[PDB]
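Here the structure is laid out as structure tokens; the discussion comes afterwards.
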Amino acid sequence: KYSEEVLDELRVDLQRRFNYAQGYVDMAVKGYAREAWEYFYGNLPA
Amino acid sequence: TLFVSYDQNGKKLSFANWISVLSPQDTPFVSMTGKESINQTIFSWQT
Amino acid sequence: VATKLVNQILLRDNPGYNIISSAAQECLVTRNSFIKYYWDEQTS
Amino acid sequence: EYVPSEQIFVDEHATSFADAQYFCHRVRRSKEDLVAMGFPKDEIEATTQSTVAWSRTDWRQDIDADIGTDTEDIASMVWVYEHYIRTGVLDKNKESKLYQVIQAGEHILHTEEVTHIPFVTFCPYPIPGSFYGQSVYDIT
Amino acid sequence: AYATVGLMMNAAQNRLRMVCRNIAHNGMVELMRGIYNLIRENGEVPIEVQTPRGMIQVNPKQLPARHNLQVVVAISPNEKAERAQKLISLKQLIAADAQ
């Protein structure tokens, strides 16, 4: 269906987005989720 | 006497500023590298 | 009908107690958590 | 199915599933299903902060461990990027539709237009103007 | 529901009753609406009708819209008994009037 010339363009917009999404969600959420489990398990306080 | 009513041009308009420039500001990295938010001034990682 | 359907689907077919209990305990510490659904398409 | 919060990705301009312009889920899938959709003649196909954050919801486990069944086994499991994006796969002229899109490494398996994102979120103590809420951790 | 004595006026119980009401309206109802659409858009479904007693393949597309549908969640385990007592009360009533 969709031309390979469209799909090789789509791959660029799709990947770039993903790069920014990963960079955001790491600092905004997953950085806290990691320690929140180690607090819940009482591992974290040194 | 002598009413010409042709060259009044009383609009008395000022500057308009509908400019357009073509100074490139692409900066592909800002979109390609990624984005992270840190707290302190210095950061370190291990390898 | 709808009711029967959903319920059956969610509890009598899918492990809905595991789903709901996971999206609770595995949410309250992770800020948000997620549930997701599909049309499955299995063939023997 | 329940999806661990570790396997999801969203854009920073978003606040809700309606408003999201790009969203993705990392899924572990079988070579079988992929064979179902493309590239039969080859199946040798072979992000860490997700793997860490999930592996440390306990310690026993590790999601990137060697499960032991060799890669060639059609029954093997594989990570993929399922996406939901608002974009011009068409010409931008076209209304910006929302697509489901599925990829493996340098292959798109499938696309279709969809009205809606097939996911739900549970959240205590929500925050306005935002996607992600509070947590009992943030509070205690 | 327990105005007998368990009047529930604890800020501790209500700062909890908030969180479950969030999970209901942000979560659970959007899962149901999520399904009802997904189902309403694919496949062929039967229903064990009783009048003739036998699966009616109800074209699912024939179904209504969410527009028209209220959904409720967090049912009492015993709603059955109360519905039944409502019915028998309705029954005594309807019998009371011959019209």
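Ordering of the structure tokens sets the chain letters (A, B, ...); residue numbers start at 1 within each chain; ligands are numbered from 1 in the order shown.
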
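Using only C-alpha atoms, the contacts of residue C:2 at a cut-off of 12 Å, with sequence neighbours closer than 6 positions omitted, comprise residues 8, 9 and 10 of chain C; 32, 33, 35, 36, 37, 39, 40, 45, 46, 47, 58, 60, 63, 64, 65, 66, 69 and 71 of chain E.
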
Determine, for each residue of chain A having at least one atom at most 10 Å from an atom of chain B, the closest pair of atoms and their separation in Å to one decimal, counting only C-alpha atoms; order by chain and ascending number, as JSON lines.
```
{"residue": "A:12", "atom": "CA", "partner": "B:32", "partner_atom": "CA", "distance": 9.8}
{"residue": "A:13", "atom": "CA", "partner": "B:32", "partner_atom": "CA", "distance": 10.0}
{"residue": "A:15", "atom": "CA", "partner": "B:32", "partner_atom": "CA", "distance": 8.8}
{"residue": "A:16", "atom": "CA", "partner": "B:32", "partner_atom": "CA", "distance": 5.6}
{"residue": "A:17", "atom": "CA", "partner": "B:31", "partner_atom": "CA", "distance": 8.2}
{"residue": "A:18", "atom": "CA", "partner": "B:34", "partner_atom": "CA", "distance": 9.0}
{"residue": "A:19", "atom": "CA", "partner": "B:34", "partner_atom": "CA", "distance": 5.4}
{"residue": "A:20", "atom": "CA", "partner": "B:34", "partner_atom": "CA", "distance": 4.7}
{"residue": "A:21", "atom": "CA", "partner": "B:34", "partner_atom": "CA", "distance": 8.0}
{"residue": "A:22", "atom": "CA", "partner": "B:34", "partner_atom": "CA", "distance": 7.6}
{"residue": "A:23", "atom": "CA", "partner": "B:35", "partner_atom": "CA", "distance": 4.5}
{"residue": "A:24", "atom": "CA", "partner": "B:36", "partner_atom": "CA", "distance": 5.8}
{"residue": "A:25", "atom": "CA", "partner": "B:36", "partner_atom": "CA", "distance": 8.4}
{"residue": "A:26", "atom": "CA", "partner": "B:36", "partner_atom": "CA", "distance": 7.2}
{"residue": "A:27", "atom": "CA", "partner": "B:37", "partner_atom": "CA", "distance": 5.3}
{"residue": "A:28", "atom": "CA", "partner": "B:37", "partner_atom": "CA", "distance": 7.5}
```

**OP:** Give the residues of chain E that lie within 12 Å of chain D; count only C-alpha atoms, and format the answer as a PyMOL selection string.
**Re:** chain E and resi 15-38+41

May I have the residues from that selection written out with N, CA, C and O atoms, as an mmCIF file, in the first residue's frame?
```cif
data_model
loop_
_atom_site.group_PDB
_atom_site.id
_atom_site.type_symbol
_atom_site.label_atom_id
_atom_site.label_comp_id
_atom_site.auth_asym_id
_atom_site.auth_seq_id
_atom_site.Cartn_x
_atom_site.Cartn_y
_atom_site.Cartn_z
ATOM 1 N N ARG E 15 -10.480 10.890 52.746
ATOM 2 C CA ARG E 15 -9.255 11.008 51.915
ATOM 3 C C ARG E 15 -8.843 9.672 51.293
ATOM 4 O O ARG E 15 -8.007 9.680 50.402
ATOM 5 N N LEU E 16 -9.435 8.547 51.697
ATOM 6 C CA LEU E 16 -9.372 7.268 50.980
ATOM 7 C C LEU E 16 -10.507 7.121 49.962
ATOM 8 O O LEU E 16 -10.305 6.696 48.829
ATOM 9 N N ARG E 17 -11.729 7.493 50.320
ATOM 10 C CA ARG E 17 -12.898 7.414 49.448
ATOM 11 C C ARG E 17 -12.753 8.299 48.205
ATOM 12 O O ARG E 17 -13.292 7.977 47.157
ATOM 13 N N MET E 18 -11.828 9.219 48.300
ATOM 14 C CA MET E 18 -11.528 10.057 47.146
ATOM 15 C C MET E 18 -10.781 9.164 46.179
ATOM 16 O O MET E 18 -11.235 9.053 45.120
ATOM 17 N N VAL E 19 -9.727 8.490 46.590
ATOM 18 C CA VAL E 19 -8.831 7.768 45.673
ATOM 19 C C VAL E 19 -9.552 6.683 44.902
ATOM 20 O O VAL E 19 -9.339 6.529 43.704
ATOM 21 N N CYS E 20 -10.439 5.940 45.547
ATOM 22 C CA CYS E 20 -11.207 4.940 44.828
ATOM 23 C C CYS E 20 -12.166 5.603 43.841
ATOM 24 O O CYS E 20 -12.276 5.137 42.714
ATOM 25 N N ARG E 21 -12.781 6.739 44.166
ATOM 26 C CA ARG E 21 -13.623 7.447 43.200
ATOM 27 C C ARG E 21 -12.824 7.961 42.008
ATOM 28 O O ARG E 21 -13.336 7.918 40.896
ATOM 29 N N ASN E 22 -11.555 8.325 42.178
ATOM 30 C CA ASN E 22 -10.675 8.586 41.034
ATOM 31 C C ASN E 22 -10.497 7.338 40.170
ATOM 32 O O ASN E 22 -10.629 7.404 38.949
ATOM 33 N N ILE E 23 -10.197 6.200 40.783
ATOM 34 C CA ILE E 23 -9.959 4.961 40.049
ATOM 35 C C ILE E 23 -11.215 4.542 39.289
ATOM 36 O O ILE E 23 -11.122 4.102 38.146
ATOM 37 N N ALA E 24 -12.394 4.751 39.866
ATOM 38 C CA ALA E 24 -13.649 4.521 39.175
ATOM 39 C C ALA E 24 -13.775 5.371 37.909
ATOM 40 O O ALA E 24 -13.919 4.829 36.820
ATOM 41 N N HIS E 25 -13.729 6.696 38.025
ATOM 42 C CA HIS E 25 -14.090 7.593 36.921
ATOM 43 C C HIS E 25 -12.978 7.854 35.917
ATOM 44 O O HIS E 25 -13.263 8.123 34.756
ATOM 45 N N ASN E 26 -11.716 7.759 36.310
ATOM 46 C CA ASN E 26 -10.593 7.848 35.379
ATOM 47 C C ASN E 26 -10.247 6.492 34.779
ATOM 48 O O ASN E 26 -9.789 6.421 33.643
ATOM 49 N N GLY E 27 -10.436 5.424 35.542
ATOM 50 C CA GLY E 27 -10.039 4.076 35.190
ATOM 51 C C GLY E 27 -11.198 3.212 34.739
ATOM 52 O O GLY E 27 -11.415 3.020 33.547
ATOM 53 N N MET E 28 -11.929 2.651 35.694
ATOM 54 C CA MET E 28 -12.863 1.560 35.437
ATOM 55 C C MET E 28 -13.881 1.885 34.354
ATOM 56 O O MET E 28 -14.039 1.099 33.429
ATOM 57 N N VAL E 29 -14.547 3.037 34.400
ATOM 58 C CA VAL E 29 -15.565 3.345 33.392
ATOM 59 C C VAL E 29 -14.981 3.441 31.986
ATOM 60 O O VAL E 29 -15.626 3.009 31.040
ATOM 61 N N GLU E 30 -13.752 3.925 31.842
ATOM 62 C CA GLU E 30 -13.085 4.007 30.546
ATOM 63 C C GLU E 30 -12.608 2.646 30.046
ATOM 64 O O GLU E 30 -12.469 2.463 28.841
ATOM 65 N N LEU E 31 -12.415 1.668 30.932
ATOM 66 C CA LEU E 31 -12.230 0.281 30.512
ATOM 67 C C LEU E 31 -13.538 -0.294 29.963
ATOM 68 O O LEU E 31 -13.556 -0.873 28.877
ATOM 69 N N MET E 32 -14.660 -0.072 30.643
ATOM 70 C CA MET E 32 -15.943 -0.572 30.151
ATOM 71 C C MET E 32 -16.336 0.051 28.826
ATOM 72 O O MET E 32 -16.597 -0.658 27.859
ATOM 73 N N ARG E 33 -16.330 1.379 28.748
ATOM 74 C CA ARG E 33 -16.573 2.116 27.508
ATOM 75 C C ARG E 33 -15.616 1.635 26.428
ATOM 76 O O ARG E 33 -16.026 1.404 25.295
ATOM 77 N N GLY E 34 -14.360 1.418 26.800
ATOM 78 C CA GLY E 34 -13.348 0.860 25.921
ATOM 79 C C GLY E 34 -13.768 -0.462 25.295
ATOM 80 O O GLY E 34 -13.670 -0.629 24.083
ATOM 81 N N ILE E 35 -14.281 -1.390 26.100
ATOM 82 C CA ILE E 35 -14.713 -2.700 25.629
ATOM 83 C C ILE E 35 -15.950 -2.594 24.739
ATOM 84 O O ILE E 35 -15.874 -3.093 23.636
ATOM 85 N N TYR E 36 -17.033 -1.937 25.155
ATOM 86 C CA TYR E 36 -18.332 -1.821 24.615
ATOM 87 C C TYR E 36 -18.292 -1.288 23.212
ATOM 88 O O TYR E 36 -19.091 -1.653 22.343
ATOM 89 N N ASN E 37 -17.335 -0.385 22.963
ATOM 90 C CA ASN E 37 -16.964 0.047 21.626
ATOM 91 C C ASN E 37 -16.226 -1.061 20.875
ATOM 92 O O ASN E 37 -16.650 -1.445 19.797
ATOM 93 N N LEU E 38 -15.133 -1.599 21.417
ATOM 94 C CA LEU E 38 -14.321 -2.618 20.751
ATOM 95 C C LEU E 38 -15.151 -3.818 20.269
ATOM 96 O O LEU E 38 -14.929 -4.327 19.172
ATOM 97 N N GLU E 41 -17.845 -3.130 17.352
ATOM 98 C CA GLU E 41 -17.144 -2.883 16.153
ATOM 99 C C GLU E 41 -16.523 -4.067 15.462
ATOM 100 O O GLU E 41 -15.706 -3.883 14.556
#
```

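Residue neighbourhood of residue D:4, excluding near-sequence residues (fewer than 6 positions): residues 26, 33 and 34 of chain C; 54 of chain D, at 8 Å, using only C-alpha atoms.
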
Those same residues - N, CA and C atoms - I'd like them written as a JSON list (two decimals), in the first residue's frame.
```
[["chain", "number", "residue", "atom", "x", "y", "z"],
["C", 26, "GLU", "N", 0.65, -2.26, 41.89],
["C", 26, "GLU", "CA", 1.70, -1.93, 40.93],
["C", 26, "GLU", "C", 1.36, -0.61, 40.21],
["C", 33, "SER", "N", -0.50, 3.36, 36.58],
["C", 33, "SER", "CA", -0.33, 2.05, 35.94],
["C", 33, "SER", "C", -1.39, 1.85, 34.88],
["C", 34, "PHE", "N", -1.25, 0.81, 34.06],
["C", 34, "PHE", "CA", -2.02, 0.67, 32.83],
["C", 34, "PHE", "C", -2.68, -0.68, 32.66],
["D", 54, "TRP", "N", 11.90, -2.12, 36.00],
["D", 54, "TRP", "CA", 11.06, -3.29, 36.24],
["D", 54, "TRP", "C", 11.75, -4.37, 37.07]]
```

Original post:
Taking only C-alpha atoms into account, which residues of chain C are within 10 Å of chain D, as a PyMOL selection string?
Top reply: chain C and resi 10+14-16+18-24+26-38+41-42

Selection above as a file: N, CA, C and O atoms, as a compact mmCIF listing (two decimals), in the first residue's frame:
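Contents of part.txt, as written:
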```txt
# COMPACT_ATOMS: atom_id res chain seq x y z
N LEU C 10 -14.13 -10.57 31.26
CA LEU C 10 -13.21 -9.99 32.22
C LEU C 10 -12.84 -10.93 33.39
O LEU C 10 -11.79 -10.73 33.98
N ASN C 14 -10.76 -13.92 31.00
CA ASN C 14 -9.54 -13.24 31.43
C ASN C 14 -9.36 -13.27 32.97
O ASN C 14 -10.34 -13.35 33.70
N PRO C 15 -8.13 -13.20 33.50
CA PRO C 15 -7.80 -13.22 34.92
C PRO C 15 -8.03 -11.85 35.59
O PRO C 15 -7.12 -11.29 36.19
N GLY C 16 -9.23 -11.29 35.51
CA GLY C 16 -9.52 -9.92 35.93
C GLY C 16 -9.16 -9.58 37.38
O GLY C 16 -8.74 -8.46 37.63
N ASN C 18 -6.42 -10.71 38.88
CA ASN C 18 -5.00 -10.40 38.74
C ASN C 18 -4.82 -9.05 38.08
O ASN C 18 -4.04 -8.25 38.57
N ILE C 19 -5.60 -8.72 37.05
CA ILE C 19 -5.48 -7.43 36.37
C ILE C 19 -5.76 -6.26 37.32
O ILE C 19 -4.90 -5.41 37.50
N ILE C 20 -6.91 -6.25 37.98
CA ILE C 20 -7.31 -5.16 38.86
C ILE C 20 -6.36 -5.04 40.05
O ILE C 20 -5.93 -3.95 40.40
N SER C 21 -5.99 -6.16 40.67
CA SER C 21 -5.07 -6.15 41.81
C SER C 21 -3.66 -5.73 41.41
O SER C 21 -2.97 -5.09 42.20
N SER C 22 -3.22 -6.02 40.18
CA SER C 22 -1.93 -5.55 39.69
C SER C 22 -1.97 -4.06 39.43
O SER C 22 -1.18 -3.33 40.00
N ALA C 23 -2.94 -3.57 38.67
CA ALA C 23 -3.07 -2.15 38.39
C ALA C 23 -3.37 -1.28 39.63
O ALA C 23 -3.35 -0.07 39.52
N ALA C 24 -3.65 -1.88 40.78
CA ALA C 24 -3.66 -1.19 42.06
C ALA C 24 -2.30 -1.22 42.77
O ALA C 24 -1.65 -0.18 42.90
N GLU C 26 0.65 -2.26 41.89
CA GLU C 26 1.70 -1.93 40.93
C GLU C 26 1.36 -0.61 40.21
O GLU C 26 1.70 -0.42 39.05
N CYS C 27 0.68 0.29 40.93
CA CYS C 27 0.33 1.67 40.57
C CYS C 27 0.65 2.66 41.68
O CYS C 27 1.30 3.66 41.44
N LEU C 28 0.22 2.36 42.90
CA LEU C 28 0.30 3.28 44.03
C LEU C 28 1.73 3.75 44.31
O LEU C 28 1.92 4.86 44.80
N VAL C 29 2.73 2.95 43.96
CA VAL C 29 4.15 3.30 44.03
C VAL C 29 4.75 3.76 42.70
O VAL C 29 5.76 4.43 42.69
N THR C 30 4.15 3.41 41.56
CA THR C 30 4.63 3.78 40.21
C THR C 30 3.91 4.99 39.62
O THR C 30 4.06 5.26 38.43
N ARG C 31 3.13 5.72 40.42
CA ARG C 31 2.40 6.95 40.07
C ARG C 31 1.16 6.76 39.19
O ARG C 31 0.07 7.16 39.57
N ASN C 32 1.31 6.09 38.07
CA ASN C 32 0.23 5.56 37.25
C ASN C 32 0.53 4.11 36.93
O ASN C 32 1.69 3.69 36.93
N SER C 33 -0.50 3.36 36.58
CA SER C 33 -0.33 2.05 35.94
C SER C 33 -1.39 1.85 34.88
O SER C 33 -2.31 2.66 34.76
N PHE C 34 -1.25 0.81 34.06
CA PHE C 34 -2.02 0.67 32.83
C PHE C 34 -2.68 -0.68 32.66
O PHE C 34 -2.16 -1.72 33.05
N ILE C 35 -3.84 -0.66 32.02
CA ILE C 35 -4.55 -1.83 31.52
C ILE C 35 -4.78 -1.59 30.03
O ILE C 35 -4.97 -0.46 29.61
N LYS C 36 -4.76 -2.64 29.23
CA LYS C 36 -4.83 -2.52 27.77
C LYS C 36 -5.61 -3.70 27.21
O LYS C 36 -5.54 -4.79 27.75
N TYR C 37 -6.32 -3.52 26.10
CA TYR C 37 -7.15 -4.56 25.51
C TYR C 37 -6.99 -4.71 23.99
O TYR C 37 -6.61 -3.78 23.29
N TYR C 38 -7.29 -5.89 23.45
CA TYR C 38 -7.16 -6.20 22.03
C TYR C 38 -8.26 -7.14 21.54
O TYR C 38 -8.82 -7.92 22.30
N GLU C 41 -6.47 -13.13 18.02
CA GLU C 41 -6.67 -13.72 16.69
C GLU C 41 -5.95 -15.08 16.55
O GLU C 41 -5.17 -15.31 15.64
N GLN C 42 -6.15 -15.99 17.49
CA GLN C 42 -5.46 -17.27 17.53
C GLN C 42 -5.93 -18.28 16.48
O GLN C 42 -7.11 -18.38 16.17
```

Considering only C-alpha atoms, give me a table of residues in chain D that are at most 7 Å from chain A, with the closest atom pair and distance in Å for each, as a Markdown table.
```
| residue | atom | partner | partner_atom | distance |
| --- | --- | --- | --- | --- |
| D:6 | CA | A:30 | CA | 7.0 |
| D:9 | CA | A:21 | CA | 5.8 |
| D:10 | CA | A:21 | CA | 5.4 |
| D:11 | CA | A:21 | CA | 5.0 |
| D:12 | CA | A:24 | CA | 6.6 |
| D:53 | CA | A:34 | CA | 4.9 |
| D:56 | CA | A:34 | CA | 6.6 |
| D:57 | CA | A:37 | CA | 5.5 |
| D:89 | CA | A:10 | CA | 6.6 |
| D:137 | CA | A:36 | CA | 5.8 |
```

Same residues, N, CA, C and O atoms, saved as a PDB file, in the first residue's frame:
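Output contents, as saved in result09.pdb:
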```
ATOM      1  N   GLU D   6       6.508   0.621  33.410  1.00  0.00           N
ATOM      2  CA  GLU D   6       7.868   0.637  32.893  1.00  0.00           C
ATOM      3  C   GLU D   6       7.953   0.505  31.370  1.00  0.00           C
ATOM      4  O   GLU D   6       8.959   0.898  30.786  1.00  0.00           O
ATOM      5  N   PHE D   9       5.470   4.866  26.936  1.00  0.00           N
ATOM      6  CA  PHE D   9       6.108   6.112  26.521  1.00  0.00           C
ATOM      7  C   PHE D   9       5.083   7.122  25.988  1.00  0.00           C
ATOM      8  O   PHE D   9       4.160   6.739  25.277  1.00  0.00           O
ATOM      9  N   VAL D  10       5.226   8.410  26.306  1.00  0.00           N
ATOM     10  CA  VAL D  10       4.244   9.470  25.989  1.00  0.00           C
ATOM     11  C   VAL D  10       4.958  10.792  25.707  1.00  0.00           C
ATOM     12  O   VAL D  10       6.051  11.002  26.219  1.00  0.00           O
ATOM     13  N   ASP D  11       4.388  11.700  24.919  1.00  0.00           N
ATOM     14  CA  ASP D  11       4.990  13.021  24.690  1.00  0.00           C
ATOM     15  C   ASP D  11       4.728  14.024  25.846  1.00  0.00           C
ATOM     16  O   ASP D  11       3.746  13.915  26.570  1.00  0.00           O
ATOM     17  N   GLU D  12       5.598  15.018  26.050  1.00  0.00           N
ATOM     18  CA  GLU D  12       5.489  15.945  27.193  1.00  0.00           C
ATOM     19  C   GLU D  12       4.408  17.022  27.025  1.00  0.00           C
ATOM     20  O   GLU D  12       3.977  17.616  28.012  1.00  0.00           O
ATOM     21  N   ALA D  53      14.283  -0.618  35.909  1.00  0.00           N
ATOM     22  CA  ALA D  53      13.192  -0.162  36.748  1.00  0.00           C
ATOM     23  C   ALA D  53      12.164  -1.269  36.992  1.00  0.00           C
ATOM     24  O   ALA D  53      11.675  -1.401  38.109  1.00  0.00           O
ATOM     25  N   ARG D  56      13.772  -4.111  39.340  1.00  0.00           N
ATOM     26  CA  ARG D  56      13.819  -3.651  40.723  1.00  0.00           C
ATOM     27  C   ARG D  56      12.466  -3.263  41.296  1.00  0.00           C
ATOM     28  O   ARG D  56      12.392  -2.581  42.299  1.00  0.00           O
ATOM     29  N   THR D  57      11.397  -3.823  40.729  1.00  0.00           N
ATOM     30  CA  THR D  57      10.128  -4.075  41.442  1.00  0.00           C
ATOM     31  C   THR D  57      10.165  -5.368  42.260  1.00  0.00           C
ATOM     32  O   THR D  57       9.170  -5.773  42.843  1.00  0.00           O
ATOM     33  N   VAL D  89       1.043  10.420   7.584  1.00  0.00           N
ATOM     34  CA  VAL D  89       1.480   9.301   6.728  1.00  0.00           C
ATOM     35  C   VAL D  89       1.058   9.570   5.285  1.00  0.00           C
ATOM     36  O   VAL D  89       1.780   9.244   4.352  1.00  0.00           O
ATOM     37  N   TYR D 137       4.343   6.986  47.441  1.00  0.00           N
ATOM     38  CA  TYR D 137       5.752   7.273  47.619  1.00  0.00           C
ATOM     39  C   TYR D 137       6.024   8.773  47.741  1.00  0.00           C
ATOM     40  O   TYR D 137       6.635   9.184  48.720  1.00  0.00           O
TER      41      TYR D 137
END
```

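All residues within chain D that the backbone DSSP calculation assigns to helix (DSSP H, G or I) are residues 5, 6, 7, 31, 32, 33, 34, 35, 48, 49, 50, 51, 52, 53, 54, 55, 136, 137, 138 and 139 of chain D.
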
Original post:
Could you state the separation of atom CA of residue D:25 and atom CA of residue D:38 in Å, given to one decimal place?
Top reply: 20.0 Å

Original post:
Near stretch 128-130 of chain D, counting only C-alpha atoms, which residues have an atom at most 9 Å away, once you skip same-chain residues fewer than 5 positions from it, shown as a ChimeraX atom specification?
Top reply: /D:13-16

Subject >> Point-to-point distance from atom CA of residue E:42 to atom CA of residue E:57, Å rounded to tenths >> reply: 13.3 Å

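The space separating atom CA of residue D:36 from atom CA of residue D:65 comes to 26.1 Å.
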
Original post:
In chain C, what's strand (DSSP E or B) per DSSP? Answer as a PyMOL selection string?
Top reply: chain C and resi 33-36
